[PDB]
Amino acid sequence: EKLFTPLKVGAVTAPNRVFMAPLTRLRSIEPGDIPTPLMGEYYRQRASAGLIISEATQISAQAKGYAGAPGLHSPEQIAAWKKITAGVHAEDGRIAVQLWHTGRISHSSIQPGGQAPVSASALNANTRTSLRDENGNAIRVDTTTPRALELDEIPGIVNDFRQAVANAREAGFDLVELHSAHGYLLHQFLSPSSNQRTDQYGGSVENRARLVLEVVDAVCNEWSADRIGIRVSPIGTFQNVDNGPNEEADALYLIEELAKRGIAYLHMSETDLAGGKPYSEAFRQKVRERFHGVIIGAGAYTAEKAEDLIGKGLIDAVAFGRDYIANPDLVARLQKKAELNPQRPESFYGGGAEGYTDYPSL
Ligand SMILES: Cc1cc2nc3c(=O)[nH]c(=O)nc-3n(C[C@H](O)[C@H](O)[C@H](O)COP(=O)(O)O)c2cc1C
Ligand SMILES: O=[N+]([O-])c1cc([N+](=O)[O-])c(O)c([N+](=O)[O-])c1
């Protein structure tokens, strides 16, 4: 067994390789998209994780795509997050904030001025997002057709990521994870299916990867490369966003480029919740030899699978999502081979303490 052995992850050292995957729970306060004391308790209960990766958090107001998602751009938000990281550290844990811009997966009613959301192109995501009704309850609503970002608006996006990382540092986070997966803004530029731009930000894989790499350089410069992690979902289809006709080659290109920056880790989201083709060991080997930092595998993993891949030297750690929603002390349970609490999907999004902080520990 190696899941319970130490691992150096950038600037910090995890005591085990069982990580908590980023999980949107939509329980923040509005107006203000402010983290709450309840959220602080939720994270504190899971502080035994090798590393906690927070729910996706807005780098700006424009970045908001769901009612209830927190931000990390205002004074009130920074003050709230400082309390949450402090709680995690009080329990000797480590926490990374996942920073994102939802792009076209949003709705005009929650955008600044009630205007249309932005993306690489003016193409509707053809999916749904979550808003809140008059009672504060979560509701699914179709996404609003986005406006294509103009060339001179790109630097502003990079700067928002840069500022959010500076904010993350002050808020006490140990690391930052750039959300470059699951069909959100960065992935929208990476995928040819959602990117029809004719400037230097569209077309070739070099052009499509330009935005995410500019962000990576900006945040490494703002803080430090060993504090930066990135999540990608380069193989398969996620929330209607595929990875083009040459996904494997494009994936390896991106990974080689990320490797040049010497960042802390590469978080590979292997499958959409609806499923996808499994990674071949040959592909894992090609990824392995191209990145020199920590590699985290994710997506419907079993403890057995994690041990198998870590043992083969293909990945270093595994991020569990839904199992962490239902098991605050997942590390102890996996170590003792104890049964897990059953999941209650109806309370994954919105609401309050029920289905959030009421899953018991052993
Ligand atoms: C409720 C819910 C919220 C999610 N929100 C996030 C998120 O904020 N950011 C992210 O990158 N993925 C998110 N995911 C995906 C998870 O991180 C994870 O990759 C996925 O659940 C598959 O892993 P699992 O089988 O261990 O749950 C979410 C999934 C669920 C079920
Ligand atoms: O519906 N959800 O709230 C949701 C949200 C995010 N996100 O980054 O905040 C995801 O990445 C996913 N996802 O791809 O699993 C789902």
# chains A, B, ... in the order shown; residues from 1 in each chain; ligands from 1
call {"tool": "residues_around", "arguments": {"residues": "range 102-109 of chain A", "least_positions_apart": "2", "cutoff": "10 Å", "atoms": "only C-alpha atoms", "output": "ChimeraX atom specification"}}
result
/A:56-59,62-67,99-100,111-131,141-149,179,182-189,194,239
call {"tool": "write_last_selection", "arguments": {"atoms": "C-alpha atoms", "output": "PDB file, in the first residue's frame"}}
result
ATOM      1  CA  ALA A  56     -14.459  26.294  -8.183  1.00  0.00           C
ATOM      2  CA  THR A  57     -14.149  29.972  -7.151  1.00  0.00           C
ATOM      3  CA  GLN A  58     -14.662  33.127  -9.286  1.00  0.00           C
ATOM      4  CA  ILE A  59     -11.653  35.224 -10.227  1.00  0.00           C
ATOM      5  CA  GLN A  62     -17.900  38.272 -14.818  1.00  0.00           C
ATOM      6  CA  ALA A  63     -16.478  34.808 -14.077  1.00  0.00           C
ATOM      7  CA  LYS A  64     -19.650  33.859 -12.183  1.00  0.00           C
ATOM      8  CA  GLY A  65     -21.699  31.119 -13.795  1.00  0.00           C
ATOM      9  CA  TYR A  66     -23.758  29.671 -10.921  1.00  0.00           C
ATOM     10  CA  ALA A  67     -25.826  31.288  -8.166  1.00  0.00           C
ATOM     11  CA  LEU A  99      -9.801  29.367  -9.614  1.00  0.00           C
ATOM     12  CA  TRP A 100     -12.145  29.613 -12.600  1.00  0.00           C
ATOM     13  CA  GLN A 111     -23.718  38.631 -14.953  1.00  0.00           C
ATOM     14  CA  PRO A 112     -22.667  42.252 -14.277  1.00  0.00           C
ATOM     15  CA  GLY A 113     -25.382  44.590 -15.558  1.00  0.00           C
ATOM     16  CA  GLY A 114     -27.453  41.560 -16.517  1.00  0.00           C
ATOM     17  CA  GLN A 115     -25.619  41.319 -19.827  1.00  0.00           C
ATOM     18  CA  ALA A 116     -24.507  38.313 -21.869  1.00  0.00           C
ATOM     19  CA  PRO A 117     -21.625  36.135 -20.577  1.00  0.00           C
ATOM     20  CA  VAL A 118     -18.337  35.869 -22.517  1.00  0.00           C
ATOM     21  CA  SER A 119     -16.393  33.138 -24.337  1.00  0.00           C
ATOM     22  CA  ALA A 120     -13.910  32.484 -27.157  1.00  0.00           C
ATOM     23  CA  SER A 121     -16.825  32.582 -29.604  1.00  0.00           C
ATOM     24  CA  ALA A 122     -20.526  33.498 -29.668  1.00  0.00           C
ATOM     25  CA  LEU A 123     -21.741  29.898 -29.369  1.00  0.00           C
ATOM     26  CA  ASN A 124     -24.257  28.738 -26.748  1.00  0.00           C
ATOM     27  CA  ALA A 125     -22.970  26.002 -24.419  1.00  0.00           C
ATOM     28  CA  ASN A 126     -26.286  24.209 -24.969  1.00  0.00           C
ATOM     29  CA  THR A 127     -26.412  23.043 -21.366  1.00  0.00           C
ATOM     30  CA  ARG A 128     -27.741  24.333 -18.064  1.00  0.00           C
ATOM     31  CA  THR A 129     -26.445  26.233 -15.083  1.00  0.00           C
ATOM     32  CA  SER A 130     -27.902  26.805 -11.636  1.00  0.00           C
ATOM     33  CA  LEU A 131     -29.726  29.904 -10.415  1.00  0.00           C
ATOM     34  CA  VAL A 141     -31.875  27.033 -16.256  1.00  0.00           C
ATOM     35  CA  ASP A 142     -30.607  26.999 -19.848  1.00  0.00           C
ATOM     36  CA  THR A 143     -27.343  28.863 -20.484  1.00  0.00           C
ATOM     37  CA  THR A 144     -27.347  32.290 -22.167  1.00  0.00           C
ATOM     38  CA  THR A 145     -25.680  32.651 -25.576  1.00  0.00           C
ATOM     39  CA  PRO A 146     -22.266  34.281 -24.969  1.00  0.00           C
ATOM     40  CA  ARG A 147     -20.542  37.257 -26.566  1.00  0.00           C
ATOM     41  CA  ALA A 148     -17.126  36.589 -28.133  1.00  0.00           C
ATOM     42  CA  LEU A 149     -14.305  38.271 -26.215  1.00  0.00           C
ATOM     43  CA  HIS A 179      -9.541  25.317 -13.770  1.00  0.00           C
ATOM     44  CA  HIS A 182     -14.778  20.687 -17.969  1.00  0.00           C
ATOM     45  CA  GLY A 183     -15.862  23.176 -20.635  1.00  0.00           C
ATOM     46  CA  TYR A 184     -15.266  26.393 -18.707  1.00  0.00           C
ATOM     47  CA  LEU A 185     -13.459  29.459 -20.114  1.00  0.00           C
ATOM     48  CA  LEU A 186      -9.919  28.091 -20.427  1.00  0.00           C
ATOM     49  CA  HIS A 187     -11.176  24.809 -21.915  1.00  0.00           C
ATOM     50  CA  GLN A 188     -13.483  26.796 -24.241  1.00  0.00           C
ATOM     51  CA  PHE A 189     -10.367  28.288 -25.850  1.00  0.00           C
ATOM     52  CA  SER A 194     -16.024  25.909 -28.879  1.00  0.00           C
ATOM     53  CA  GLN A 239     -20.287  19.204 -20.725  1.00  0.00           C
TER      54      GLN A 239
END
call {"tool": "closest_atom_pairs", "arguments": {"of": "chain A", "to": "ligand 1", "cutoff": "7 Å", "atoms": "only C-alpha atoms and all ligand atoms", "output": "JSON lines"}}
result
{"residue": "A:21", "atom": "CA", "partner": "ligand 1", "partner_atom_place_in_ligand_line": "17 (O)", "distance": 4.4}
{"residue": "A:22", "atom": "CA", "partner": "ligand 1", "partner_atom_place_in_ligand_line": "7 (C)", "distance": 4.5}
{"residue": "A:23", "atom": "CA", "partner": "ligand 1", "partner_atom_place_in_ligand_line": "5 (N)", "distance": 3.5}
{"residue": "A:24", "atom": "CA", "partner": "ligand 1", "partner_atom_place_in_ligand_line": "5 (N)", "distance": 3.8}
{"residue": "A:25", "atom": "CA", "partner": "ligand 1", "partner_atom_place_in_ligand_line": "1 (C)", "distance": 6.0}
{"residue": "A:55", "atom": "CA", "partner": "ligand 1", "partner_atom_place_in_ligand_line": "8 (O)", "distance": 4.1}
{"residue": "A:56", "atom": "CA", "partner": "ligand 1", "partner_atom_place_in_ligand_line": "8 (O)", "distance": 3.9}
{"residue": "A:179", "atom": "CA", "partner": "ligand 1", "partner_atom_place_in_ligand_line": "11 (O)", "distance": 6.1}
{"residue": "A:181", "atom": "CA", "partner": "ligand 1", "partner_atom_place_in_ligand_line": "11 (O)", "distance": 6.5}
{"residue": "A:182", "atom": "CA", "partner": "ligand 1", "partner_atom_place_in_ligand_line": "11 (O)", "distance": 6.7}
{"residue": "A:231", "atom": "CA", "partner": "ligand 1", "partner_atom_place_in_ligand_line": "11 (O)", "distance": 6.8}
{"residue": "A:269", "atom": "CA", "partner": "ligand 1", "partner_atom_place_in_ligand_line": "19 (O)", "distance": 5.5}
{"residue": "A:273", "atom": "CA", "partner": "ligand 1", "partner_atom_place_in_ligand_line": "22 (C)", "distance": 6.0}
{"residue": "A:298", "atom": "CA", "partner": "ligand 1", "partner_atom_place_in_ligand_line": "19 (O)", "distance": 5.7}
{"residue": "A:299", "atom": "CA", "partner": "ligand 1", "partner_atom_place_in_ligand_line": "23 (O)", "distance": 3.9}
{"residue": "A:300", "atom": "CA", "partner": "ligand 1", "partner_atom_place_in_ligand_line": "25 (O)", "distance": 3.1}
{"residue": "A:301", "atom": "CA", "partner": "ligand 1", "partner_atom_place_in_ligand_line": "26 (O)", "distance": 5.8}
{"residue": "A:319", "atom": "CA", "partner": "ligand 1", "partner_atom_place_in_ligand_line": "26 (O)", "distance": 6.5}
{"residue": "A:320", "atom": "CA", "partner": "ligand 1", "partner_atom_place_in_ligand_line": "26 (O)", "distance": 3.7}
{"residue": "A:321", "atom": "CA", "partner": "ligand 1", "partner_atom_place_in_ligand_line": "27 (O)", "distance": 3.5}
{"residue": "A:322", "atom": "CA", "partner": "ligand 1", "partner_atom_place_in_ligand_line": "27 (O)", "distance": 3.7}
{"residue": "A:323", "atom": "CA", "partner": "ligand 1", "partner_atom_place_in_ligand_line": "26 (O)", "distance": 6.1}
{"residue": "A:348", "atom": "CA", "partner": "ligand 1", "partner_atom_place_in_ligand_line": "1 (C)", "distance": 5.0}
{"residue": "A:349", "atom": "CA", "partner": "ligand 1", "partner_atom_place_in_ligand_line": "1 (C)", "distance": 6.4}
call {"tool": "write_last_selection", "arguments": {"atoms": "C-alpha atoms", "output": "PDB file, in the first residue's frame"}}
result
ATOM      1  CA  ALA A  21     -11.375  16.825  -5.606  1.00  0.00           C
ATOM      2  CA  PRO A  22     -12.794  20.337  -6.288  1.00  0.00           C
ATOM      3  CA  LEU A  23     -16.574  20.220  -5.716  1.00  0.00           C
ATOM      4  CA  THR A  24     -19.089  22.985  -6.457  1.00  0.00           C
ATOM      5  CA  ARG A  25     -21.738  22.968  -3.696  1.00  0.00           C
ATOM      6  CA  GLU A  55     -14.906  24.171  -5.037  1.00  0.00           C
ATOM      7  CA  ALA A  56     -14.459  26.294  -8.183  1.00  0.00           C
ATOM      8  CA  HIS A 179      -9.541  25.317 -13.770  1.00  0.00           C
ATOM      9  CA  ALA A 181     -11.120  21.682 -17.671  1.00  0.00           C
ATOM     10  CA  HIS A 182     -14.778  20.687 -17.969  1.00  0.00           C
ATOM     11  CA  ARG A 231      -6.653  20.766 -13.839  1.00  0.00           C
ATOM     12  CA  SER A 269      -9.730  14.695 -14.903  1.00  0.00           C
ATOM     13  CA  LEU A 273     -19.602  12.176 -14.897  1.00  0.00           C
ATOM     14  CA  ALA A 298      -9.210  11.664 -11.080  1.00  0.00           C
ATOM     15  CA  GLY A 299     -12.567  10.329 -12.227  1.00  0.00           C
ATOM     16  CA  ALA A 300     -14.504   7.438 -10.684  1.00  0.00           C
ATOM     17  CA  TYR A 301     -11.334   5.990  -9.143  1.00  0.00           C
ATOM     18  CA  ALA A 319      -8.474  12.959  -6.128  1.00  0.00           C
ATOM     19  CA  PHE A 320     -11.831  11.621  -4.936  1.00  0.00           C
ATOM     20  CA  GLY A 321     -14.948  13.731  -5.414  1.00  0.00           C
ATOM     21  CA  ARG A 322     -18.273  12.170  -4.500  1.00  0.00           C
ATOM     22  CA  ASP A 323     -16.699   9.869  -1.903  1.00  0.00           C
ATOM     23  CA  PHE A 348     -25.095  18.046  -3.691  1.00  0.00           C
ATOM     24  CA  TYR A 349     -26.183  21.528  -4.848  1.00  0.00           C
TER      25      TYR A 349
END
call {"tool": "residues_around", "arguments": {"residues": "residue 1 in chain A", "least_positions_apart": "4", "cutoff": "10 Å", "atoms": "only C-alpha atoms", "output": "PyMOL selection string"}}
result
chain A and resi 5+303-304+306-308+310-311+335
call {"tool": "residues_around", "arguments": {"residues": "residue 19 in chain A", "least_positions_apart": "6", "cutoff": "7 Å", "atoms": "only C-alpha atoms", "output": "list in words"}}
result
residues 49, 50, 51, 52, 318, 319 and 320 of chain A
call {"tool": "decode", "arguments": {"residues": "range 78-118 of chain A", "atoms": "N, CA and C atoms", "output": "mmCIF file, in the first residue's frame"}}
result
data_model
loop_
_atom_site.group_PDB
_atom_site.id
_atom_site.type_symbol
_atom_site.label_atom_id
_atom_site.label_comp_id
_atom_site.auth_asym_id
_atom_site.auth_seq_id
_atom_site.Cartn_x
_atom_site.Cartn_y
_atom_site.Cartn_z
ATOM 1 N N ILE A 78 -12.353 37.684 0.481
ATOM 2 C CA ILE A 78 -11.017 37.386 0.994
ATOM 3 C C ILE A 78 -11.060 37.162 2.508
ATOM 4 N N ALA A 79 -11.786 38.020 3.221
ATOM 5 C CA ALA A 79 -11.902 37.895 4.675
ATOM 6 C C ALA A 79 -12.554 36.567 5.063
ATOM 7 N N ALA A 80 -13.566 36.155 4.299
ATOM 8 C CA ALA A 80 -14.275 34.904 4.563
ATOM 9 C C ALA A 80 -13.382 33.689 4.302
ATOM 10 N N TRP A 81 -12.659 33.694 3.182
ATOM 11 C CA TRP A 81 -11.764 32.582 2.850
ATOM 12 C C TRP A 81 -10.618 32.444 3.862
ATOM 13 N N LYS A 82 -10.150 33.568 4.408
ATOM 14 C CA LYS A 82 -9.071 33.545 5.399
ATOM 15 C C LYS A 82 -9.491 32.710 6.601
ATOM 16 N N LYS A 83 -10.774 32.779 6.944
ATOM 17 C CA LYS A 83 -11.289 32.016 8.073
ATOM 18 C C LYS A 83 -11.337 30.529 7.717
ATOM 19 N N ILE A 84 -11.698 30.221 6.475
ATOM 20 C CA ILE A 84 -11.779 28.829 6.040
ATOM 21 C C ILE A 84 -10.415 28.131 5.975
ATOM 22 N N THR A 85 -9.408 28.794 5.411
ATOM 23 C CA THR A 85 -8.078 28.185 5.339
ATOM 24 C C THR A 85 -7.495 28.050 6.750
ATOM 25 N N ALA A 86 -7.779 29.028 7.610
ATOM 26 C CA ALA A 86 -7.291 28.995 8.988
ATOM 27 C C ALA A 86 -7.841 27.758 9.710
ATOM 28 N N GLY A 87 -9.108 27.436 9.459
ATOM 29 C CA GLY A 87 -9.709 26.267 10.080
ATOM 30 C C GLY A 87 -9.029 24.988 9.613
ATOM 31 N N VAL A 88 -8.760 24.899 8.313
ATOM 32 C CA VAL A 88 -8.092 23.728 7.742
ATOM 33 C C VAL A 88 -6.691 23.569 8.331
ATOM 34 N N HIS A 89 -5.979 24.684 8.454
ATOM 35 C CA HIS A 89 -4.626 24.657 8.993
ATOM 36 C C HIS A 89 -4.626 24.354 10.484
ATOM 37 N N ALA A 90 -5.693 24.745 11.172
ATOM 38 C CA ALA A 90 -5.801 24.473 12.598
ATOM 39 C C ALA A 90 -5.810 22.957 12.804
ATOM 40 N N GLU A 91 -6.273 22.231 11.789
ATOM 41 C CA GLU A 91 -6.338 20.773 11.843
ATOM 42 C C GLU A 91 -5.165 20.114 11.116
ATOM 43 N N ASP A 92 -4.122 20.899 10.854
ATOM 44 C CA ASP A 92 -2.911 20.417 10.186
ATOM 45 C C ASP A 92 -3.147 19.918 8.757
ATOM 46 N N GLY A 93 -4.081 20.551 8.054
ATOM 47 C CA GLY A 93 -4.365 20.160 6.684
ATOM 48 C C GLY A 93 -3.741 21.115 5.683
ATOM 49 N N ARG A 94 -3.986 20.866 4.401
ATOM 50 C CA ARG A 94 -3.470 21.704 3.321
ATOM 51 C C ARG A 94 -4.637 21.940 2.362
ATOM 52 N N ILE A 95 -4.777 23.169 1.867
ATOM 53 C CA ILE A 95 -5.872 23.477 0.962
ATOM 54 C C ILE A 95 -5.483 24.369 -0.214
ATOM 55 N N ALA A 96 -5.928 23.961 -1.399
ATOM 56 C CA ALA A 96 -5.684 24.701 -2.633
ATOM 57 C C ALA A 96 -7.024 25.268 -3.097
ATOM 58 N N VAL A 97 -7.009 26.463 -3.674
ATOM 59 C CA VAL A 97 -8.250 27.042 -4.169
ATOM 60 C C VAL A 97 -8.298 26.839 -5.674
ATOM 61 N N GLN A 98 -9.412 26.310 -6.177
ATOM 62 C CA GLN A 98 -9.538 26.137 -7.617
ATOM 63 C C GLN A 98 -10.116 27.443 -8.150
ATOM 64 N N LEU A 99 -9.373 28.092 -9.041
ATOM 65 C CA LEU A 99 -9.801 29.367 -9.614
ATOM 66 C C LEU A 99 -10.369 29.175 -11.019
ATOM 67 N N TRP A 100 -11.534 29.764 -11.284
ATOM 68 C CA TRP A 100 -12.145 29.613 -12.600
ATOM 69 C C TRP A 100 -12.879 30.833 -13.131
ATOM 70 N N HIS A 101 -13.195 30.744 -14.419
ATOM 71 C CA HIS A 101 -13.993 31.730 -15.132
ATOM 72 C C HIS A 101 -14.902 30.763 -15.888
ATOM 73 N N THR A 102 -16.209 30.860 -15.665
ATOM 74 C CA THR A 102 -17.162 29.946 -16.300
ATOM 75 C C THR A 102 -17.369 30.152 -17.794
ATOM 76 N N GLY A 103 -17.019 31.336 -18.285
ATOM 77 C CA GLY A 103 -17.202 31.611 -19.698
ATOM 78 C C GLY A 103 -18.665 31.507 -20.091
ATOM 79 N N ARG A 104 -18.936 30.749 -21.151
ATOM 80 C CA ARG A 104 -20.299 30.593 -21.656
ATOM 81 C C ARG A 104 -21.255 29.747 -20.813
ATOM 82 N N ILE A 105 -20.746 29.054 -19.799
ATOM 83 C CA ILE A 105 -21.637 28.275 -18.944
ATOM 84 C C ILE A 105 -22.068 29.236 -17.839
ATOM 85 N N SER A 106 -23.038 30.084 -18.184
ATOM 86 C CA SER A 106 -23.555 31.103 -17.280
ATOM 87 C C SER A 106 -24.924 31.581 -17.765
ATOM 88 N N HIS A 107 -25.459 32.598 -17.096
ATOM 89 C CA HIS A 107 -26.763 33.170 -17.440
ATOM 90 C C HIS A 107 -26.674 34.689 -17.255
ATOM 91 N N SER A 108 -27.299 35.442 -18.154
ATOM 92 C CA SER A 108 -27.247 36.901 -18.073
ATOM 93 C C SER A 108 -27.772 37.486 -16.760
ATOM 94 N N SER A 109 -28.747 36.824 -16.139
ATOM 95 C CA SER A 109 -29.319 37.337 -14.893
ATOM 96 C C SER A 109 -28.329 37.400 -13.725
ATOM 97 N N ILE A 110 -27.202 36.698 -13.835
ATOM 98 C CA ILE A 110 -26.206 36.741 -12.767
ATOM 99 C C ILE A 110 -24.896 37.388 -13.207
ATOM 100 N N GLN A 111 -24.892 37.949 -14.413
ATOM 101 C CA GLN A 111 -23.718 38.631 -14.953
ATOM 102 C C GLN A 111 -23.805 40.110 -14.588
ATOM 103 N N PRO A 112 -22.664 40.821 -14.607
ATOM 104 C CA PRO A 112 -22.667 42.252 -14.277
ATOM 105 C C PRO A 112 -23.594 42.997 -15.245
ATOM 106 N N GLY A 113 -24.469 43.844 -14.709
ATOM 107 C CA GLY A 113 -25.382 44.590 -15.558
ATOM 108 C C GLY A 113 -26.450 43.743 -16.234
ATOM 109 N N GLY A 114 -26.475 42.450 -15.919
ATOM 110 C CA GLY A 114 -27.453 41.560 -16.517
ATOM 111 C C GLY A 114 -27.202 41.334 -17.999
ATOM 112 N N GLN A 115 -25.954 41.495 -18.421
ATOM 113 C CA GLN A 115 -25.619 41.319 -19.827
ATOM 114 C C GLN A 115 -25.172 39.895 -20.150
ATOM 115 N N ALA A 116 -24.928 39.635 -21.429
ATOM 116 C CA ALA A 116 -24.507 38.313 -21.869
ATOM 117 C C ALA A 116 -23.116 37.920 -21.372
ATOM 118 N N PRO A 117 -22.924 36.625 -21.052
ATOM 119 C CA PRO A 117 -21.625 36.135 -20.577
ATOM 120 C C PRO A 117 -20.636 36.121 -21.746
ATOM 121 N N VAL A 118 -19.357 35.873 -21.464
ATOM 122 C CA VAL A 118 -18.337 35.869 -22.517
ATOM 123 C C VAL A 118 -17.702 34.502 -22.792
#
